[PDB]
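Notes follow once the structure below has been shown.
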Amino acid sequence: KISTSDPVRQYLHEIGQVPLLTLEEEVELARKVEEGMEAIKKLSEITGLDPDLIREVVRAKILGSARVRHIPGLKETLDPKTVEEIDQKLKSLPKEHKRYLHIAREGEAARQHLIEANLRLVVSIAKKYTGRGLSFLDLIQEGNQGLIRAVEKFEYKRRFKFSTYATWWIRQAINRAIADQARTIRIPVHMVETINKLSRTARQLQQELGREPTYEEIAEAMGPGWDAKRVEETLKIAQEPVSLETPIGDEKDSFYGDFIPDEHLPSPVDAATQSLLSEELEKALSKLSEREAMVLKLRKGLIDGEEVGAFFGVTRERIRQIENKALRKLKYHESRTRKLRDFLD
Amino acid sequence: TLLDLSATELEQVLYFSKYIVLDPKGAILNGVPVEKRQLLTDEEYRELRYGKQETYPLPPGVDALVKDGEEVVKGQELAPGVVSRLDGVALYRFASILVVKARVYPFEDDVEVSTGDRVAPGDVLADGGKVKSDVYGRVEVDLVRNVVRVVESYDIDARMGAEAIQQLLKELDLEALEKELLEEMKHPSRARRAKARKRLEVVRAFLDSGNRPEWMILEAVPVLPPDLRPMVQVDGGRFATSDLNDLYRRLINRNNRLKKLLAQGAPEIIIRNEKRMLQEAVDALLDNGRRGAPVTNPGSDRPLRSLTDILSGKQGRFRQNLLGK
């Protein structure tokens, strides 16, 4: 029905059913998580296999079958033959090392469980970074990627709980998304925190003057290197795009795009121009000595192009010689039979 | 119509949210057998894969009448203050107690079956062939209390979303449903025969001439040309771009966030939450408004234009809406 309520119902149902007991429940999952890490690393040690493969082979058996490996990540890991062969090596590990996969499997089990239980925390957080230019669901989910980031670095040894820790790792993820995505034209996190301060500073300024501040006053208030040219520009880049398709004039049936002209495409006038221009620019090119005419024609007309480096073997005295003598003979006869005189464009 | 699924609501049921339709097979019951094509709720579904789980409190200071491994008694008061549901074993951290439906197979010699393996009655679990598992389900090799508990959920293909429908759509041998309907058509009464004509129509064309039906599910979204969704310099520093580009971003961002969510690790509430968003977005570029209406940001509570409606506006009923060169 309405996509907010059933998700809320979805995880709020789960936090309600699985609120994590303050100290205990988080303590267990957390320590289990860390033993998974160590386990995985000592596994890489005894197997010569990378931790990325241990995290993923143990994730496959605990989180999903062939299904999850084949569709999400295309295909470099045969889910069956590859993952089960990995599981093989793990079994071979005697009573000693085997203990580490057995631990690793739960290590992650515990992991996902904690992420589920705190989805509430995200939504409650995410709830306030609402009208920033991001969808409630979008906000909630990047905040979610934030809580996961948190689960990776949480050291239970340091007594503080995951609540205060997820708060920060989440607010960071959210704020980064808001800056990095909210707009059409991308703008780095600096122009973002920059422009927000301008508007912030603005509001404060209006509190006094009853005069929407001249850019002079925004420069000041902002600080060290702020000048008119800066505020004006920022206020321009901050100006988001206009929708190419807006109801125009009377709202009836008027799209905005019909009004915008075309600028690469040569209107018929231009097609006619470059027709004669090349037709007769080509006539002059053939009637001239190819030596320095083609040199300057191709070193200025074909690809981009330097006097000395312009002529093949002959130096600059014959370049300047023919360039300036052919170019003028060409121009003074073009003066007689005025074809080019009418400045083509 | 083609896939015989309640045409309207059975789809929006699995499609946009999580009501999972049992695709190939699912041995464990609800009360009855495997619902080849029927759909169930996440609440009952949850009841189907972990087994059963019900944890309960302790007043500050009371002791439980049951021990660590003493199987909870069907319909027993685990500790003063609570009344636990039927099949289980009793567990307890220093506040609450926890019930479990799978039977405990205490092992003292090391457990070699690994957590997660699919198990059927007999599959070795621990202490060599001594500890054999007698029930169907996943494996949970707990080692605090040295034990091997076997959950009861056999592999049940519970799937939701276009994933589920893509499957169902590939598995159909239209020529079977054609013959099957041809006879449901002419023989029974008009009620079920009539609705069968209607369902035979689509299947006939698919097969007749043209292309096959697996393609109705999208996994590769074509993107309209760029010069057709310009980015242009207007006046002063203002840029104007085709609404479509704001939808495309949506899709792209969600699609990406998805991938990163799969690789990072995957709490499944979070993967579906986005798989939904993703679906909605996939709609948006195609056709906006048949379900929920997208708006870039305050200024225009105006539905972002969309492919579908660009084409329509072309020749649709209005005075000549946008008809004329």
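Every chain in the structure tokens has a letter given in the order shown (A, B, ...), and although residue numbers restart at 1 in each chain, ligands are simply numbered from 1 in the order shown.
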
Give one line per residue of chain B that approaches chain A to at most 6 Å, naming the two atoms of the closest pair and their distance in Å to one decimal, counting only C-alpha atoms; sort by chain then ascending residue number and deliver it as JSON lines.
{"residue": "B:116", "atom": "CA", "partner": "A:62", "partner_atom": "CA", "distance": 5.9}
{"residue": "B:238", "atom": "CA", "partner": "A:241", "partner_atom": "CA", "distance": 5.9}
{"residue": "B:239", "atom": "CA", "partner": "A:241", "partner_atom": "CA", "distance": 4.7}
{"residue": "B:240", "atom": "CA", "partner": "A:242", "partner_atom": "CA", "distance": 4.5}
{"residue": "B:241", "atom": "CA", "partner": "A:244", "partner_atom": "CA", "distance": 4.9}
{"residue": "B:242", "atom": "CA", "partner": "A:244", "partner_atom": "CA", "distance": 4.8}
{"residue": "B:243", "atom": "CA", "partner": "A:243", "partner_atom": "CA", "distance": 5.9}
{"residue": "B:267", "atom": "CA", "partner": "A:112", "partner_atom": "CA", "distance": 5.4}

If you run DSSP on this backbone, which residues of region 155-303 of chain B come out as alpha helix (DSSP H), and could you give them as an mmCIF file with N, CA, C and O atoms, in the first residue's frame?
data_model
loop_
_atom_site.group_PDB
_atom_site.id
_atom_site.type_symbol
_atom_site.label_atom_id
_atom_site.label_comp_id
_atom_site.auth_asym_id
_atom_site.auth_seq_id
_atom_site.Cartn_x
_atom_site.Cartn_y
_atom_site.Cartn_z
ATOM 1 N N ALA B 162 9.850 -9.210 -8.483
ATOM 2 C CA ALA B 162 10.023 -9.603 -9.876
ATOM 3 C C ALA B 162 10.911 -10.833 -10.002
ATOM 4 O O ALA B 162 10.933 -11.490 -11.042
ATOM 5 N N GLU B 163 11.660 -11.132 -8.953
ATOM 6 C CA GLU B 163 12.470 -12.322 -8.979
ATOM 7 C C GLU B 163 11.577 -13.539 -9.090
ATOM 8 O O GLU B 163 11.734 -14.372 -9.982
ATOM 9 N N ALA B 164 10.618 -13.603 -8.174
ATOM 10 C CA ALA B 164 9.665 -14.692 -8.130
ATOM 11 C C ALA B 164 8.896 -14.827 -9.451
ATOM 12 O O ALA B 164 8.708 -15.939 -9.941
ATOM 13 N N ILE B 165 8.463 -13.714 -10.035
ATOM 14 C CA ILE B 165 7.668 -13.764 -11.266
ATOM 15 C C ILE B 165 8.512 -14.117 -12.487
ATOM 16 O O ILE B 165 8.011 -14.724 -13.444
ATOM 17 N N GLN B 166 9.777 -13.727 -12.467
ATOM 18 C CA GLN B 166 10.648 -14.058 -13.568
ATOM 19 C C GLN B 166 10.784 -15.563 -13.673
ATOM 20 O O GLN B 166 10.767 -16.138 -14.762
ATOM 21 N N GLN B 167 10.906 -16.191 -12.508
ATOM 22 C CA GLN B 167 11.020 -17.628 -12.443
ATOM 23 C C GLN B 167 9.804 -18.266 -13.042
ATOM 24 O O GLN B 167 9.870 -18.980 -14.034
ATOM 25 N N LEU B 168 8.677 -17.972 -12.410
ATOM 26 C CA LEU B 168 7.389 -18.503 -12.803
ATOM 27 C C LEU B 168 7.151 -18.346 -14.286
ATOM 28 O O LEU B 168 6.644 -19.254 -14.933
ATOM 29 N N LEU B 169 7.537 -17.198 -14.820
ATOM 30 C CA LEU B 169 7.350 -16.912 -16.228
ATOM 31 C C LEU B 169 8.229 -17.810 -17.132
ATOM 32 O O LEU B 169 7.798 -18.193 -18.218
ATOM 33 N N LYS B 170 9.439 -18.160 -16.721
ATOM 34 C CA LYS B 170 10.281 -18.989 -17.581
ATOM 35 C C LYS B 170 9.812 -20.444 -17.621
ATOM 36 O O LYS B 170 9.921 -21.110 -18.651
ATOM 37 N N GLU B 171 9.294 -20.919 -16.497
ATOM 38 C CA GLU B 171 8.892 -22.314 -16.300
ATOM 39 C C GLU B 171 7.666 -22.721 -17.132
ATOM 40 O O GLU B 171 7.427 -23.912 -17.295
ATOM 41 N N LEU B 174 3.889 -22.735 -22.586
ATOM 42 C CA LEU B 174 2.638 -22.192 -23.100
ATOM 43 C C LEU B 174 1.819 -23.218 -23.871
ATOM 44 O O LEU B 174 0.587 -23.234 -23.742
ATOM 45 N N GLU B 175 2.473 -24.066 -24.660
ATOM 46 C CA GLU B 175 1.749 -25.053 -25.457
ATOM 47 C C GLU B 175 0.958 -26.015 -24.579
ATOM 48 O O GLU B 175 -0.033 -26.589 -25.026
ATOM 49 N N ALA B 176 1.382 -26.182 -23.330
ATOM 50 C CA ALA B 176 0.656 -27.020 -22.383
ATOM 51 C C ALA B 176 -0.597 -26.298 -21.900
ATOM 52 O O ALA B 176 -1.700 -26.840 -21.914
ATOM 53 N N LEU B 177 -0.408 -25.056 -21.474
ATOM 54 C CA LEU B 177 -1.507 -24.240 -21.015
ATOM 55 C C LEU B 177 -2.488 -23.967 -22.156
ATOM 56 O O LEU B 177 -3.660 -23.688 -21.910
ATOM 57 N N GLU B 178 -2.010 -24.035 -23.401
ATOM 58 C CA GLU B 178 -2.895 -23.840 -24.551
ATOM 59 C C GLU B 178 -3.849 -25.009 -24.675
ATOM 60 O O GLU B 178 -5.064 -24.843 -24.760
ATOM 61 N N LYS B 179 -3.280 -26.204 -24.688
ATOM 62 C CA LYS B 179 -4.096 -27.393 -24.773
ATOM 63 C C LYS B 179 -4.949 -27.540 -23.538
ATOM 64 O O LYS B 179 -6.111 -27.925 -23.628
ATOM 65 N N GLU B 180 -4.367 -27.221 -22.385
ATOM 66 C CA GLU B 180 -5.073 -27.313 -21.116
ATOM 67 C C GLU B 180 -6.270 -26.386 -21.083
ATOM 68 O O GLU B 180 -7.328 -26.749 -20.556
ATOM 69 N N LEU B 181 -6.102 -25.188 -21.636
ATOM 70 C CA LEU B 181 -7.201 -24.239 -21.663
ATOM 71 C C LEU B 181 -8.198 -24.583 -22.764
ATOM 72 O O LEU B 181 -9.399 -24.427 -22.573
ATOM 73 N N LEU B 182 -7.710 -25.053 -23.907
ATOM 74 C CA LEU B 182 -8.613 -25.423 -24.984
ATOM 75 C C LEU B 182 -9.667 -26.398 -24.495
ATOM 76 O O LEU B 182 -10.812 -26.354 -24.937
ATOM 77 N N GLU B 183 -9.282 -27.276 -23.570
ATOM 78 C CA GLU B 183 -10.234 -28.241 -23.046
ATOM 79 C C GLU B 183 -10.990 -27.677 -21.843
ATOM 80 O O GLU B 183 -12.128 -28.073 -21.612
ATOM 81 N N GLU B 184 -10.396 -26.767 -21.069
ATOM 82 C CA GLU B 184 -11.178 -26.144 -20.000
ATOM 83 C C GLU B 184 -12.207 -25.208 -20.615
ATOM 84 O O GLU B 184 -13.255 -24.911 -20.049
ATOM 85 N N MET B 185 -11.852 -24.766 -21.815
ATOM 86 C CA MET B 185 -12.649 -23.859 -22.622
ATOM 87 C C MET B 185 -13.984 -24.479 -23.037
ATOM 88 O O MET B 185 -15.041 -24.005 -22.650
ATOM 89 N N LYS B 186 -13.930 -25.545 -23.826
ATOM 90 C CA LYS B 186 -15.147 -26.085 -24.414
ATOM 91 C C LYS B 186 -15.934 -26.973 -23.486
ATOM 92 O O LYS B 186 -17.136 -27.110 -23.706
ATOM 93 N N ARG B 190 -19.855 -22.139 -18.243
ATOM 94 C CA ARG B 190 -19.350 -20.850 -18.733
ATOM 95 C C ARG B 190 -18.502 -20.074 -17.720
ATOM 96 O O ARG B 190 -17.700 -19.252 -18.150
ATOM 97 N N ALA B 191 -18.641 -20.291 -16.418
ATOM 98 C CA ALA B 191 -17.868 -19.507 -15.437
ATOM 99 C C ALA B 191 -16.346 -19.647 -15.630
ATOM 100 O O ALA B 191 -15.663 -18.678 -15.986
ATOM 101 N N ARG B 192 -15.818 -20.842 -15.385
ATOM 102 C CA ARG B 192 -14.383 -21.105 -15.482
ATOM 103 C C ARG B 192 -13.921 -21.251 -16.937
ATOM 104 O O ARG B 192 -12.722 -21.127 -17.220
ATOM 105 N N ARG B 193 -14.853 -21.514 -17.853
ATOM 106 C CA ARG B 193 -14.523 -21.639 -19.277
ATOM 107 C C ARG B 193 -14.320 -20.272 -19.903
ATOM 108 O O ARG B 193 -13.431 -20.077 -20.733
ATOM 109 N N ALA B 194 -15.184 -19.342 -19.506
ATOM 110 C CA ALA B 194 -15.142 -17.975 -20.009
ATOM 111 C C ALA B 194 -13.809 -17.306 -19.680
ATOM 112 O O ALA B 194 -13.096 -16.823 -20.567
ATOM 113 N N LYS B 195 -13.477 -17.283 -18.394
ATOM 114 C CA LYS B 195 -12.233 -16.694 -17.934
ATOM 115 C C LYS B 195 -11.038 -17.357 -18.607
ATOM 116 O O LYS B 195 -9.960 -16.776 -18.675
ATOM 117 N N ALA B 196 -11.242 -18.571 -19.110
ATOM 118 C CA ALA B 196 -10.196 -19.310 -19.798
ATOM 119 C C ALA B 196 -10.023 -18.809 -21.227
ATOM 120 O O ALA B 196 -8.921 -18.869 -21.757
ATOM 121 N N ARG B 197 -11.090 -18.333 -21.866
ATOM 122 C CA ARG B 197 -10.920 -17.767 -23.202
ATOM 123 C C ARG B 197 -9.953 -16.630 -23.137
ATOM 124 O O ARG B 197 -8.988 -16.534 -23.894
ATOM 125 N N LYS B 198 -10.275 -15.765 -22.184
ATOM 126 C CA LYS B 198 -9.527 -14.561 -21.909
ATOM 127 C C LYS B 198 -8.070 -14.872 -21.647
ATOM 128 O O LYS B 198 -7.183 -14.152 -22.100
ATOM 129 N N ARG B 199 -7.825 -15.949 -20.920
ATOM 130 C CA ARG B 199 -6.462 -16.328 -20.593
ATOM 131 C C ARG B 199 -5.787 -17.064 -21.750
ATOM 132 O O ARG B 199 -4.566 -17.140 -21.802
ATOM 133 N N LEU B 200 -6.573 -17.618 -22.670
ATOM 134 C CA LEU B 200 -5.992 -18.307 -23.817
ATOM 135 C C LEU B 200 -5.570 -17.312 -24.872
ATOM 136 O O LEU B 200 -4.703 -17.611 -25.678
ATOM 137 N N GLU B 201 -6.184 -16.128 -24.860
ATOM 138 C CA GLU B 201 -5.882 -15.110 -25.866
ATOM 139 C C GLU B 201 -4.424 -14.679 -25.827
ATOM 140 O O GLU B 201 -3.712 -14.789 -26.826
ATOM 141 N N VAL B 202 -3.983 -14.186 -24.679
ATOM 142 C CA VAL B 202 -2.612 -13.732 -24.493
ATOM 143 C C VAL B 202 -1.600 -14.814 -24.896
ATOM 144 O O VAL B 202 -0.673 -14.555 -25.665
ATOM 145 N N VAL B 203 -1.803 -16.026 -24.382
ATOM 146 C CA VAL B 203 -0.920 -17.162 -24.615
ATOM 147 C C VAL B 203 -0.855 -17.518 -26.078
ATOM 148 O O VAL B 203 0.161 -17.993 -26.553
ATOM 149 N N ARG B 204 -1.947 -17.288 -26.791
ATOM 150 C CA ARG B 204 -1.993 -17.640 -28.201
ATOM 151 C C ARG B 204 -1.101 -16.750 -29.021
ATOM 152 O O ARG B 204 -0.381 -17.241 -29.883
ATOM 153 N N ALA B 205 -1.149 -15.445 -28.756
ATOM 154 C CA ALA B 205 -0.349 -14.485 -29.513
ATOM 155 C C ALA B 205 1.127 -14.657 -29.220
ATOM 156 O O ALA B 205 1.958 -14.628 -30.130
ATOM 157 N N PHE B 206 1.453 -14.835 -27.950
ATOM 158 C CA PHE B 206 2.833 -15.061 -27.560
ATOM 159 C C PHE B 206 3.472 -16.138 -28.418
ATOM 160 O O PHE B 206 4.558 -15.963 -28.947
ATOM 161 N N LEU B 207 2.759 -17.253 -28.536
ATOM 162 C CA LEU B 207 3.179 -18.426 -29.296
ATOM 163 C C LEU B 207 3.029 -18.223 -30.804
ATOM 164 O O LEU B 207 3.972 -18.486 -31.547
ATOM 165 N N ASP B 208 1.851 -17.765 -31.236
ATOM 166 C CA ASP B 208 1.477 -17.563 -32.649
ATOM 167 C C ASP B 208 2.624 -17.032 -33.472
ATOM 168 O O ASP B 208 3.294 -17.784 -34.187
ATOM 169 N N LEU B 244 13.634 13.638 -16.985
ATOM 170 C CA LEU B 244 14.062 12.242 -17.032
ATOM 171 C C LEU B 244 15.364 11.991 -16.272
ATOM 172 O O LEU B 244 15.536 10.931 -15.659
ATOM 173 N N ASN B 245 16.277 12.949 -16.316
ATOM 174 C CA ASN B 245 17.576 12.782 -15.707
ATOM 175 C C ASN B 245 17.496 12.685 -14.191
ATOM 176 O O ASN B 245 18.372 12.064 -13.568
ATOM 177 N N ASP B 246 16.471 13.280 -13.590
ATOM 178 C CA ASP B 246 16.329 13.169 -12.142
ATOM 179 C C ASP B 246 15.827 11.774 -11.755
ATOM 180 O O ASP B 246 16.095 11.277 -10.663
ATOM 181 N N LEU B 247 15.104 11.134 -12.664
ATOM 182 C CA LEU B 247 14.600 9.783 -12.420
ATOM 183 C C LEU B 247 15.695 8.772 -12.638
ATOM 184 O O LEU B 247 15.846 7.824 -11.883
ATOM 185 N N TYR B 248 16.453 8.990 -13.703
ATOM 186 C CA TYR B 248 17.548 8.114 -14.016
ATOM 187 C C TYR B 248 18.512 8.032 -12.844
ATOM 188 O O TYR B 248 18.948 6.942 -12.473
ATOM 189 N N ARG B 249 18.844 9.185 -12.258
ATOM 190 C CA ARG B 249 19.731 9.194 -11.109
ATOM 191 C C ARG B 249 19.191 8.296 -10.029
ATOM 192 O O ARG B 249 19.897 7.450 -9.503
ATOM 193 N N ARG B 250 17.921 8.494 -9.710
ATOM 194 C CA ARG B 250 17.242 7.676 -8.729
ATOM 195 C C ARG B 250 17.574 6.216 -8.935
ATOM 196 O O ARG B 250 18.121 5.558 -8.067
ATOM 197 N N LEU B 251 17.227 5.730 -10.117
ATOM 198 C CA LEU B 251 17.485 4.358 -10.501
ATOM 199 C C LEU B 251 18.947 3.990 -10.255
ATOM 200 O O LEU B 251 19.256 3.055 -9.504
ATOM 201 N N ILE B 252 19.842 4.749 -10.889
ATOM 202 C CA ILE B 252 21.274 4.505 -10.792
ATOM 203 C C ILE B 252 21.738 4.468 -9.343
ATOM 204 O O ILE B 252 22.407 3.524 -8.919
ATOM 205 N N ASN B 253 21.394 5.488 -8.580
ATOM 206 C CA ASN B 253 21.806 5.495 -7.193
ATOM 207 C C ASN B 253 21.294 4.256 -6.456
ATOM 208 O O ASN B 253 22.087 3.559 -5.801
ATOM 209 N N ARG B 254 19.993 3.972 -6.568
ATOM 210 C CA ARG B 254 19.410 2.822 -5.881
ATOM 211 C C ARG B 254 20.054 1.524 -6.329
ATOM 212 O O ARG B 254 20.364 0.667 -5.502
ATOM 213 N N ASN B 255 20.254 1.380 -7.634
ATOM 214 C CA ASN B 255 20.868 0.179 -8.176
ATOM 215 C C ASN B 255 22.257 -0.027 -7.588
ATOM 216 O O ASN B 255 22.625 -1.145 -7.223
ATOM 217 N N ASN B 256 23.020 1.066 -7.502
ATOM 218 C CA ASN B 256 24.354 1.030 -6.923
ATOM 219 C C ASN B 256 24.282 0.687 -5.434
ATOM 220 O O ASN B 256 24.859 -0.325 -5.009
ATOM 221 N N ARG B 257 23.566 1.511 -4.652
ATOM 222 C CA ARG B 257 23.398 1.275 -3.211
ATOM 223 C C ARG B 257 23.021 -0.164 -2.955
ATOM 224 O O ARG B 257 23.379 -0.743 -1.944
ATOM 225 N N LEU B 258 22.288 -0.739 -3.897
ATOM 226 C CA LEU B 258 21.898 -2.127 -3.796
ATOM 227 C C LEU B 258 23.128 -3.014 -3.780
ATOM 228 O O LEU B 258 23.378 -3.723 -2.812
ATOM 229 N N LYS B 259 23.888 -2.951 -4.871
ATOM 230 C CA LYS B 259 25.099 -3.737 -5.026
ATOM 231 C C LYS B 259 25.970 -3.652 -3.780
ATOM 232 O O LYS B 259 26.386 -4.678 -3.240
ATOM 233 N N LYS B 260 26.236 -2.421 -3.335
ATOM 234 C CA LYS B 260 27.065 -2.152 -2.148
ATOM 235 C C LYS B 260 26.449 -2.767 -0.879
ATOM 236 O O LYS B 260 27.163 -3.121 0.067
ATOM 237 N N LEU B 261 25.124 -2.887 -0.863
ATOM 238 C CA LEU B 261 24.419 -3.475 0.270
ATOM 239 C C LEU B 261 24.521 -4.979 0.244
ATOM 240 O O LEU B 261 24.419 -5.631 1.274
ATOM 241 N N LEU B 262 24.711 -5.530 -0.945
ATOM 242 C CA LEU B 262 24.835 -6.964 -1.085
ATOM 243 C C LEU B 262 26.212 -7.419 -0.679
ATOM 244 O O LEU B 262 26.377 -8.422 0.011
ATOM 245 N N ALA B 263 27.205 -6.660 -1.116
ATOM 246 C CA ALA B 263 28.581 -6.995 -0.842
ATOM 247 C C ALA B 263 28.952 -6.720 0.617
ATOM 248 O O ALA B 263 29.611 -7.559 1.238
ATOM 249 N N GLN B 264 28.531 -5.574 1.166
ATOM 250 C CA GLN B 264 28.871 -5.163 2.553
ATOM 251 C C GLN B 264 28.511 -6.234 3.571
ATOM 252 O O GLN B 264 29.239 -6.465 4.532
ATOM 253 N N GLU B 268 18.515 -9.123 5.690
ATOM 254 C CA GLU B 268 17.572 -9.077 4.585
ATOM 255 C C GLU B 268 16.461 -8.084 4.726
ATOM 256 O O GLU B 268 15.880 -7.766 3.680
ATOM 257 N N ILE B 269 16.115 -7.554 5.891
ATOM 258 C CA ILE B 269 15.074 -6.543 5.810
ATOM 259 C C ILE B 269 15.540 -5.387 4.931
ATOM 260 O O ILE B 269 14.781 -4.838 4.125
ATOM 261 N N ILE B 270 16.820 -5.050 5.073
ATOM 262 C CA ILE B 270 17.407 -3.937 4.340
ATOM 263 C C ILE B 270 17.523 -4.231 2.857
ATOM 264 O O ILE B 270 17.401 -3.300 2.079
ATOM 265 N N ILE B 271 17.753 -5.473 2.432
ATOM 266 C CA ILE B 271 17.862 -5.689 0.983
ATOM 267 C C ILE B 271 16.500 -5.577 0.304
ATOM 268 O O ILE B 271 16.390 -5.044 -0.809
ATOM 269 N N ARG B 272 15.452 -6.075 0.947
ATOM 270 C CA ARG B 272 14.151 -5.948 0.316
ATOM 271 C C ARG B 272 13.698 -4.512 0.337
ATOM 272 O O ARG B 272 13.118 -4.024 -0.632
ATOM 273 N N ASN B 273 13.969 -3.827 1.444
ATOM 274 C CA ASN B 273 13.549 -2.448 1.539
ATOM 275 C C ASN B 273 13.980 -1.675 0.306
ATOM 276 O O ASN B 273 13.206 -0.923 -0.260
ATOM 277 N N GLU B 274 15.216 -1.902 -0.119
ATOM 278 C CA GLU B 274 15.754 -1.230 -1.287
ATOM 279 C C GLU B 274 15.274 -1.884 -2.567
ATOM 280 O O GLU B 274 14.945 -1.176 -3.514
ATOM 281 N N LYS B 275 15.231 -3.214 -2.622
ATOM 282 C CA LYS B 275 14.750 -3.859 -3.844
ATOM 283 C C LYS B 275 13.385 -3.295 -4.239
ATOM 284 O O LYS B 275 13.022 -3.262 -5.418
ATOM 285 N N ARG B 276 12.641 -2.845 -3.227
ATOM 286 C CA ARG B 276 11.359 -2.198 -3.445
ATOM 287 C C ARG B 276 11.573 -0.838 -4.086
ATOM 288 O O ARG B 276 11.027 -0.564 -5.154
ATOM 289 N N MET B 277 12.374 0.003 -3.410
ATOM 290 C CA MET B 277 12.714 1.345 -3.897
ATOM 291 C C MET B 277 13.164 1.273 -5.318
ATOM 292 O O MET B 277 12.750 2.052 -6.179
ATOM 293 N N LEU B 278 14.034 0.309 -5.545
ATOM 294 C CA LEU B 278 14.542 0.078 -6.859
ATOM 295 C C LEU B 278 13.403 -0.132 -7.830
ATOM 296 O O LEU B 278 13.336 0.537 -8.856
ATOM 297 N N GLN B 279 12.499 -1.054 -7.495
ATOM 298 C CA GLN B 279 11.342 -1.332 -8.352
ATOM 299 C C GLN B 279 10.555 -0.055 -8.652
ATOM 300 O O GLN B 279 10.268 0.240 -9.816
ATOM 301 N N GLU B 280 10.204 0.687 -7.605
ATOM 302 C CA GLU B 280 9.497 1.936 -7.782
ATOM 303 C C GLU B 280 10.232 2.827 -8.773
ATOM 304 O O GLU B 280 9.632 3.375 -9.692
ATOM 305 N N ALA B 281 11.533 2.976 -8.577
ATOM 306 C CA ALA B 281 12.319 3.783 -9.483
ATOM 307 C C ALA B 281 12.218 3.247 -10.912
ATOM 308 O O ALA B 281 12.030 4.023 -11.846
ATOM 309 N N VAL B 282 12.328 1.929 -11.085
ATOM 310 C CA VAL B 282 12.250 1.349 -12.423
ATOM 311 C C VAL B 282 10.940 1.716 -13.091
ATOM 312 O O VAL B 282 10.832 1.803 -14.329
ATOM 313 N N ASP B 283 9.932 1.922 -12.256
ATOM 314 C CA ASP B 283 8.650 2.348 -12.765
ATOM 315 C C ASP B 283 8.749 3.791 -13.266
ATOM 316 O O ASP B 283 8.528 4.076 -14.447
ATOM 317 N N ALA B 284 9.123 4.670 -12.336
ATOM 318 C CA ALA B 284 9.267 6.107 -12.535
ATOM 319 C C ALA B 284 9.766 6.459 -13.932
ATOM 320 O O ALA B 284 9.056 7.138 -14.666
ATOM 321 N N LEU B 285 10.955 6.027 -14.323
ATOM 322 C CA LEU B 285 11.403 6.438 -15.641
ATOM 323 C C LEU B 285 10.437 5.971 -16.721
ATOM 324 O O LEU B 285 10.073 6.747 -17.614
ATOM 325 N N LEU B 286 9.997 4.723 -16.626
ATOM 326 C CA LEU B 286 9.056 4.193 -17.602
ATOM 327 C C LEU B 286 7.752 4.986 -17.586
ATOM 328 O O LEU B 286 7.455 5.745 -18.508
#

Interatomic distance between CA of residue 151 (chain A) and CA of residue 166 (chain A)?
->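 Distance reported for this atom pair: 7.8 Å.
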
Can you list, as a PyMOL selection string, every protein, DNA or RNA residue that comes within 9 Å of region 277-285 of chain A when you count only C-alpha atoms, leaving out same-chain residues fewer than 5 positions away?
-> chain A and resi 272+290+293-294+297+330+339-340+344
